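J.: Let me begin by handing over the structure; questions about it come next.
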Amino acid sequence: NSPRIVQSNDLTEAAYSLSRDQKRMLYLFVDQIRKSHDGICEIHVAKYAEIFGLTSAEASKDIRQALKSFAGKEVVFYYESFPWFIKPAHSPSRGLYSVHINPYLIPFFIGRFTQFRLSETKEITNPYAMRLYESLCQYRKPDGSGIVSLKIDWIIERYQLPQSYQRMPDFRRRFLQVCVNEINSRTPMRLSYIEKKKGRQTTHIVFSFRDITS
DNA sequence: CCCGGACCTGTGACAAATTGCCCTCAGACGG
DNA sequence: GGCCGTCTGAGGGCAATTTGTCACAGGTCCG
Ligand SMILES: Cn1cc(NC(=O)c2cc(NC(=O)CNC(=N)N)cn2C)cc1C(=O)NCCC(=N)N
Ligand SMILES: [Mg+2]
Ligand SMILES: [Mg+2]
Ligand SMILES: [Mg+2]
Ligand SMILES: [Mg+2]
Ligand SMILES: [Mg+2]
């Protein structure tokens, strides 16, 4: 069926802040690179629109604004920091974009690895829920189930959650609860969780999941 | 004992940003 | 050959929802 994205666990666990539309482009770049050094990639408006069910106009809007917002963004591997792009994007032909990814990032893309089909994620809206759905895939078994314990401090550092989510009731209300409900509504995964406490503080969240093909 | 204080939880308000939509008009191409 | 009819996509916008922030109500234990 649809394209199988694979990526090193190091990218899954990196520190960065990207919007939904930017994460969408990033999945296709990883796809192009892996099918091969170069680092020069390309995107056609009319193809983006068909994959994610957008019109050409709104696709054009999404590519263009995503693209100018990469400037100044950095990626951290735990630590080491890199820029995503080393030259501005540019369009040689109408309906075509050309981009220059940092060639030092190549080895981090292809390595202890993570994998999922693109149709699983293309309806998620909140970028933090994409981050969470990836980090769960890293632990999945062939049959489609898994269980993992993530530390709350590590979630805040790695997903670069905004500062007010250090108050636990806001963390619950605006990130944890909402994102477990997108995954349950928009992917083929069925997800549950429970809180681990130490004294008054909640320190970890323990996730279990299965696949709805069983 | 009960105080003020340092922790924790949940909800009500308001501000800022993102969503899918809508309209204009010229570029690229072929009949 | 060259104009025009169509398919694209590069611009300009919108209101309704969602995300980020902080005040206040209401629980416990410490000294
Ligand atoms: C379905 N839908 C989702 C939204 N909004 C969102 O999904 C949305 C809004 C935001 N906002 C933010 O990031 C907030 N950030 C911030 N205040 N600092 C993030 N997302 C993912 C709006 C509507 C919608 O249908 N709007 C159009 C309604 C209409 N005018 N007919
Ligand atoms: Mg959009
Ligand atoms: Mg009293
Ligand atoms: Mg008093
Ligand atoms: Mg009351
Ligand atoms: Mg009180």
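Ligands are numbered from 1 in the order shown, chains are lettered A, B, ... in the order of the structure tokens, and residues start at 1 in each chain.
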As a list in words, could you give me every residue of chain C near chain A (at most 9 Å apart, counting only C-alpha atoms (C1' of nucleotides))?
T.: residues 8, 9, 10, 19, 20 and 21 of chain C
J.: Got a sec to check which residues lie within 12 Å of ligand 3, using only C-alpha atoms (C1' of nucleotides) and all ligand atoms, and send them as number ranges by chain?
T.: B: 2-4
J.: Based on only C-alpha atoms (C1' of nucleotides), which of the residues in chain B come within 10 Å of chain A? I want them as a VMD selection string.
T.: chain B and resid 7 to 10 18 to 21 27 to 28
J.: Using only C-alpha atoms (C1' of nucleotides) and all ligand atoms, which residues of the polymer chains come no farther than 10 Å from ligand 6? I'd like the answer as a list in words.
T.: residues 25, 26, 27 and 28 of chain C
J.: Suppose we keep N, CA and C atoms (P, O5', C5', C4', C3', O3' and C1' of nucleotides); can you now write the selection as a CSV table (one decimal), in the first residue's frame?
T.:
chain,number,residue,atom,x,y,z
C,25,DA,P,-11.5,32.2,45.8
C,25,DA,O5',-12.0,30.7,45.6
C,25,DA,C5',-13.0,30.3,44.7
C,25,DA,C4',-13.2,28.8,44.7
C,25,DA,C3',-13.4,28.1,46.0
C,25,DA,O3',-14.3,27.1,45.9
C,25,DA,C1',-11.5,27.2,44.9
C,26,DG,P,-15.0,26.4,47.2
C,26,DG,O5',-14.0,25.3,47.6
C,26,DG,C5',-13.7,24.4,46.7
C,26,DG,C4',-12.6,23.5,47.0
C,26,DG,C3',-12.5,23.0,48.5
C,26,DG,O3',-12.6,21.6,48.5
C,26,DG,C1',-10.4,23.6,47.6
C,27,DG,P,-12.7,20.6,49.8
C,27,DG,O5',-11.3,20.0,49.8
C,27,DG,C5',-11.0,18.8,50.6
C,27,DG,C4',-9.6,18.2,50.2
C,27,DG,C3',-8.7,18.0,51.4
C,27,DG,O3',-8.9,16.7,51.9
C,27,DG,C1',-7.6,19.1,49.5
C,28,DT,P,-8.4,16.4,53.4
C,28,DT,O5',-6.8,16.3,53.3
C,28,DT,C5',-6.0,15.3,52.5
C,28,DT,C4',-4.5,15.6,52.6
C,28,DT,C3',-4.0,15.6,54.0
C,28,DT,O3',-3.3,14.4,54.3
C,28,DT,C1',-3.1,17.4,52.6
J.: Smallest atom-to-atom distance to residue 142 (chain A): which of A:63, A:210, A:155, A:129, using only C-alpha atoms?
T.: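 The shortest atom-to-atom distance to residue 142 (chain A) comes from A:210.
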J.: Taking only C-alpha atoms and all ligand atoms into account, which of A:132, A:14, A:161, A:89 comes nearest ligand 1?
T.: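 Answer, going by the shortest atom-to-atom distance: A:161.
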J.: Tell me, which residues of chain A carry DSSP strand (DSSP E), written as a ChimeraX atom specification?
T.: /A:4-8,40-44,74-77,80-83,96-100,113-117,146-151,189-198,201-211
J.: In Å, how far is it from atom 27 (C, counted along the ligand's line) of ligand 1 to CA of residue 67 (chain A)?
T.: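 Computing it gives 23.3 Å between the two atoms.
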J.: Could you pull out the residues in chain A that DSSP calls helix (DSSP H, G or I) from the backbone, as an MDAnalysis selection string?
T.: chainID A and resid 9:12 20:34 45:51 56:68 103:109 118:120 127:137 152:158 163:166 168:186
J.: Report as a list in words all protein, DNA and RNA residues lying within 10 Å of residue 69 (chain A), evaluated on only C-alpha atoms (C1' of nucleotides), omitting residues in the same chain fewer than 6 positions from it.
T.: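 Once the nearby chain positions are removed, what remains is residues 18, 19 and 22 of chain A.
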J.: For N, CA and C atoms, I'd like the residues from the last selection saved as a PDB file, in the first residue's frame.
T.:
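Okay, part-v3.pdb is ready:
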ATOM      1  N   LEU A  18       8.733  21.336  15.716  1.00  0.00           N
ATOM      2  CA  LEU A  18       8.245  21.549  14.348  1.00  0.00           C
ATOM      3  C   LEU A  18       6.719  21.573  14.298  1.00  0.00           C
ATOM      4  N   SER A  19       6.148  22.337  13.357  1.00  0.00           N
ATOM      5  CA  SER A  19       4.699  22.313  13.186  1.00  0.00           C
ATOM      6  C   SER A  19       4.254  21.045  12.477  1.00  0.00           C
ATOM      7  N   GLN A  22       5.351  21.083   8.772  1.00  0.00           N
ATOM      8  CA  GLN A  22       6.784  20.825   8.637  1.00  0.00           C
ATOM      9  C   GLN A  22       7.092  19.359   8.889  1.00  0.00           C
TER      10      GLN A  22
END
J.: Just the residues within 12 Å of residue 5 (chain B), please, counting only C-alpha atoms (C1' of nucleotides), with nothing from its chain fewer than 5 positions along; format it as a ChimeraX atom specification.
T.: /C:29-31
J.: Please dump the current selection as a PDB file, in the first residue's frame; keep N, CA, C and O atoms (P, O5', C5', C4', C3', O3' and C1' of nucleotides).
T.:
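Output file result_4.pdb follows:
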ATOM      1  P    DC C  29      -2.721  14.138  55.801  1.00  0.00           P
ATOM      2  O5'  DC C  29      -1.337  14.983  55.863  1.00  0.00           O
ATOM      3  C5'  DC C  29      -0.267  14.722  54.894  1.00  0.00           C
ATOM      4  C4'  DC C  29       0.959  15.611  55.137  1.00  0.00           C
ATOM      5  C3'  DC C  29       1.502  15.620  56.555  1.00  0.00           C
ATOM      6  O3'  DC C  29       2.946  15.608  56.466  1.00  0.00           O
ATOM      7  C1'  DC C  29       0.993  17.828  55.906  1.00  0.00           C
ATOM      8  P    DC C  30       3.863  15.308  57.749  1.00  0.00           P
ATOM      9  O5'  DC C  30       4.745  16.651  57.953  1.00  0.00           O
ATOM     10  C5'  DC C  30       5.325  17.341  56.820  1.00  0.00           C
ATOM     11  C4'  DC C  30       5.915  18.684  57.245  1.00  0.00           C
ATOM     12  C3'  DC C  30       6.459  18.732  58.657  1.00  0.00           C
ATOM     13  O3'  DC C  30       7.753  19.287  58.665  1.00  0.00           O
ATOM     14  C1'  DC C  30       4.911  20.500  58.324  1.00  0.00           C
ATOM     15  P    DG C  31       8.731  18.989  59.906  1.00  0.00           P
ATOM     16  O5'  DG C  31       8.696  20.362  60.747  1.00  0.00           O
ATOM     17  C5'  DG C  31       9.029  21.612  60.114  1.00  0.00           C
ATOM     18  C4'  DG C  31       8.697  22.805  61.013  1.00  0.00           C
ATOM     19  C3'  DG C  31       9.036  22.628  62.495  1.00  0.00           C
ATOM     20  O3'  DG C  31       9.607  23.832  63.016  1.00  0.00           O
ATOM     21  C1'  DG C  31       6.743  23.121  62.253  1.00  0.00           C
TER      22       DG C  31
END
J.: Any idea what's packed within 12 Å of residue 134 (chain A), counting only C-alpha atoms (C1' of nucleotides), ignoring anything in its chain fewer than 3 positions away? Could you give it as a PyMOL selection string?
T.: chain A and resi 5-14+23+27+113-118+120-121+124+127-131+137-140+159+183+187+189
